[PDB]
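*Asks:*
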RNA sequence: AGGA
Ligand SMILES: Nc1ncnc2c1ncn2[C@@H]1O[C@H](COP(=O)(O)CP(=O)(O)OP(=O)(O)O)[C@@H](O)[C@H]1O
Ligand SMILES: [Mg+2]
Ligand SMILES: [Zn+2]
Ligand SMILES: [Zn+2]
Ligand SMILES: [Zn+2]
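Residue numbers (UniProt numbering), protein chains in the order written: chain A, 25 to 70; chain B, 1 to 65; chain C, 164 to 196; chain D, 72 to 155; chain E, 834 to 919, 933 to 980; chain F, 448 to 503; chain G, 337 to 392; chain H, 3 to 265.
1) Can you find a heavy atom of ligand 5 that lies under 7 Å from the Cβ of residue 58 of chain A?
2) Got a sec: does ligand 3 put a non-hydrogen atom nearer than 7 Å to the Cβ of residue 33 of chain A?
3) Would you mind telling me which residues of chain F sit closer than 8 Å to residue 102 of chain D, beta carbon to beta carbon, in chain order?
4) What residues come near ligand 2, if near means a beta carbon less than 6 Å from any of its heavy atoms?
5) Go through the stretch 163-206 of chain H residue by residue and report every complete run of the beta strand (DSSP E) that reaches 3 residues or more, in order.
6) Measure the C-alpha to C-alpha separation of residue 33 of chain A and residue 45 of chain H and round it to an integer number of angstroms.
7) Please list the residues of the stretch 89-122 of chain D that have a C-beta atom closer than 7 Å to any C-beta atom in chain G, keeping them in chain order.
8) For a contact meaning CB atoms closer than 9 Å, what does residue 835 of chain E contact in chain G?
9) Return the CA-CA distance between residue 862 of chain E and residue 22 of chain B, expressed in angstroms with no decimal places.
10) Count the other CB atoms within 10 Å of the CB of residue 112 of chain D; is the residue buried (16 or more) or exposed (fewer)?
11) Please report how far the alpha carbon of residue 32 of chain B lies from the alpha carbon of residue 51 of chain B, in whole angstroms.
12) Please list the residues of the stretch 147-180 of chain H that have a C-beta atom closer than 8 Å to any C-beta atom in chain E, keeping them in chain order.
13) Per the DSSP calculation, residue 55 of chain A is bridged to which residue(s)?
14) Beta strand (DSSP E) containing residue 965 of chain E: first to last residue?
15) When the Cα of residue 168 of chain H is compared with those of E:919, E:846, E:894 and E:837, which residue comes out closest?
16) Which chain D residues are close to residue 499 of chain F, counting only those with a beta carbon under 7 Å from its beta carbon?
17) Do you know whose CA, among H:92, H:155, H:81 and H:114, lies nearest residue 138 of chain H's CA?
18) What is the DSSP secondary structure of residue 117 of chain D, counted as helix, strand or coil?
19) Using a cut-off of 8 Å between C-beta atoms, extract the partners of residue 46 of chain H located in chain A.
20) Can you find a C-beta in chain D that's less than 8 Å from the C-beta of residue 376 of chain G?
21) Are any of the Cβ atoms in chain B nearer than 8 Å to that of residue 845 of chain E?
22) Going by DSSP, what residues sit across from residue 857 of chain E in a beta bridge?
23) Do residue 44 of chain A and ligand 3 come close, with the Cβ less than 7 Å from some heavy atom?
24) Mapping the DSSP letters down to three states, classify residue 887 of chain E as helix, strand or coil.
25) Out of curiosity, what's the CA-to-CA distance linking residue 178 of chain C and residue 171 of chain C?
26) Interface residues of chain A around residue 883 of chain E at Cβ under 9 Å?
27) Report the residue ranges of all alpha helix (DSSP H) runs contained in full by the stretch 342-388 of chain G; include only those spanning at least 4 residues, in chain order.
28) Looking at the C-beta of residue 4 of chain B, does it have a partner C-beta in chain E at a distance below 8 Å?
29) Are three or more beta carbon pairs between the stretch 22-35 of chain H and the stretch 109-124 of chain H nearer than 8 Å?
30) Mind checking who residue 412 of chain F pairs with in its DSSP beta bridge?
31) Which residue from A:36, A:29 and A:35 puts its Cα closest to that of residue 44 of chain A?
32) On the criterion of 16 or more Cβ atoms from any shown chain inside 10 Å, does residue 918 of chain E qualify as buried, or is it exposed?
33) In chain order, which alpha helix (DSSP H) runs of at least 4 residues are fully inside the stretch 16-51 of chain B?
34) I'd like to know if residue 63 of chain B contacts chain C, where contact means its C-beta is closer than 8 Å to some C-beta of that chain.
35) Measuring CB to CB, does residue 143 of chain D end up less than 8 Å from residue 73 of chain D?
So, in structure tokens, the structure goes:
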């Protein structure tokens, strides 16, 4: 449960806080994505 | 980019008819005009759906994440 | 020997990485073939 | 200078611009809760009331028609023909 | 369909005729001001500045960024940022008033320097309507 | 443009659905309007006086 | 010519135009959203008091 | 046997050719319209997304899910949520479907109309089952996944009509024709040299007599005899797109009578 | 850089 950030290439879960270095815990590439809400999204199918 | 379910113009389900249309072309060595017709697509509205589709999904699938 | 500034490279040119890359490589590279 | 009633040489007819300005002025007045000089026969739009006042010729206004020299003829909305 | 206009099959439009995806990337970065004076990517509250946007800050998480699932609408704050002075001034990036949609992709990176760099892609689906050009 | 006395005319409001201004087809010529994506301007008078000017 | 001869103005709206055979020569189709923005300042008078109290 | 007659030319699982006789055009057409527009069906109308790692957008997929034809055989014993007394939905007024798919394989993993599973109670009534007319029994291809590409959705199918959205369209195209020999002059053929040569002859010409040139114009002649073909999508069987059309139109008229009664 |  809970995965704060996702690496843009290797797709490994990161889960970091403010002042914890914007970089992957394996490869380099400082990209990092946000990982969608637990607050679930609903669409009228039209 | 991914086969449309239902013909825009008349609403005939076309979502199932893709995998087969591709087989009738490769496996059965058929021409488009026959393949389409064997799948029941008689009205030109239905024909253009399958005939003029560009299954872009297949390219997008080629990217890692 | 000595560093005299940086030159912007045109994509797909000799000096660019993609010039030598194959379809399969470009896809890995997150670039449209 | 102000031209006398005998000696007035402008149209005996009201101008498209005069009529419009009168209807506007009276509508604006009626709307600002001014007294109405006509029976509103169930009337509620100040412009529609203004048309009724002009029709019954019960509008207490005067047109001051200025001339290029600066002189003028004063005309009552009562006396002005409405062929418009 | 007179004078260069046309009649479209509402039924067809429902079936997916002419629908489009629309994306837009709002971007921002934490700025450093000589004397190690940095900006913060955070969700702000009242706190002496009171200089904040008229729309909801509630869609923001503790990093001052909306999660990549959330439906955004008015001038909803998409990026939360503050600049204090000699305290939380607001530097929060709201969704273009005229627009709306769903947060698509949020990207948290590093500046050429070493500052916190952020890019937010928002996505909407545009359905053929009456004034639309073809 | 607005090269005409008739390139600005007063109309009766008709509140309607959908996002476009709708005009009668015969009124198309004085404006030089067509529906290949033309846009038009609407001006609301704020006085009882200005309204009259427009209607009259 | 920029700020005196011409001016930007309030009580103004602009959208795409489309033709309607069901509109009268003198009317204009005004999108609801536009009507809900453009306002006319009506004075509280005995003739309208009740009507206005309802729109408020 | 009675008033307007019917003569089925060809029947099948999903197509009915028939000749409607002893009717007014205004009635054949009113029936035509109803079959397209006003017969109720069941269709996915709410998609709640839990996960999507796909190349397609949440709403793009959502749109597709609505268009997937569902069993609407017993649609009459289901309520419109509007009419139903619950907060949102329930078993009285909806069918709840589930879709979970993940790319376990190295090869492209497909997502089908079959992969949908009913999680609600169907009160023992023929409804909600995705229509599979497919040869290999798969139905509509919703999506495609690669590896860690996951999909998680909960779908609420509801009773509705085509007038609200075409996804509740019980029928595909409806063939309709009258007077294959233009004896009524309801058309004036555009030609170059000869209208009779340049314009193809209808298959229905065989079921009516040719005009015979040496005859005066029959002005008295009225339009009856309608060559029609109703095609089903799957939700409701062909016969029922015809029957339920007739019943829908009938109720629509009866409402007017009842409206006059309350008056 | 685009729109009538
Ligand atoms: N630069 C410009 N400045 C002012 N008005 C312009 C303009 N360009 C176009 N217009 C206006 O737009 C009108 C339409 O021009 P176009 O969009 O090119 C179609 P058209 O030339 O009228 O031929 P068509 O009606 O047979 O299609 C003009 O008649 C003119 O009033
Ligand atoms: Mg034009
Ligand atoms: Zn990594
Ligand atoms: Zn079709
Ligand atoms: Zn219910």
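Where a beta carbon is used, it is the ideal one built from N, C-alpha and C, also for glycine.
*Replies:* Looking at the atomic coordinates:
1) no
2) yes
3) Those are 495, listed as they occur along chain F.
4) F:481, F:483 and F:485
5) Counting only runs of 3+ residues, the beta strand (DSSP E) found wholly inside the stretch 163-206 of chain H occupies 173-179, in chain order.
6) 38 Å
7) 102, 103, 104 and 115
8) 355 and 357
9) 49 Å
10) Answer is exposed; the Cβ neighbour count stays below 16.
11) Using only the alpha carbons, I get a separation of about 7 Å.
12) Against chain E - using a Cβ distance shorter than 8 Å - the residues of the stretch 147-180 of chain H are 164, 167, 168, 169 and 171.
13) DSSP lists no partner for residue 55 of chain A.
14) Element bounds for residue 965 of chain E: 962-972.
15) E:846
16) Going along chain D in sequence order, the residues near residue 499 of chain F (Cβ under 7 Å) are 91, 94, 95, 98 and 118.
17) H:114
18) helix
19) 69
20) no
21) Yes - at least one Cβ of chain B is within 8 Å of the one on residue 845 of chain E.
22) E:968
23) no
24) The answer is coil: DSSP assigns residue 887 of chain E none of H, G, I, E or B.
25) 10 Å
26) Listed by position along chain A, the residues whose Cβ is nearer than 9 Å to that of residue 883 of chain E form an empty set, because the closest Cβ is around 23 Å away.
27) Within the stretch 342-388 of chain G, the complete alpha helix (DSSP H) runs of at least 4 residues are 368-371.
28) Among the residues facing chain E, residue 4 of chain B is included, as its CB has a counterpart in that chain under 8 Å away.
29) Verdict: no, contact absent.
30) Outside the shown range of chain F, which is 448 to 503, sits residue 412 of chain F, and nothing can be said about it.
31) A:29
32) Looking at its Cβ environment, which holds fewer than 16 other Cβ atoms inside 10 Å, residue 918 of chain E is exposed.
33) Qualifying alpha helix (DSSP H) stretches, in chain order: 17-26, 32-38 and 44-51.
34) yes
35) yes
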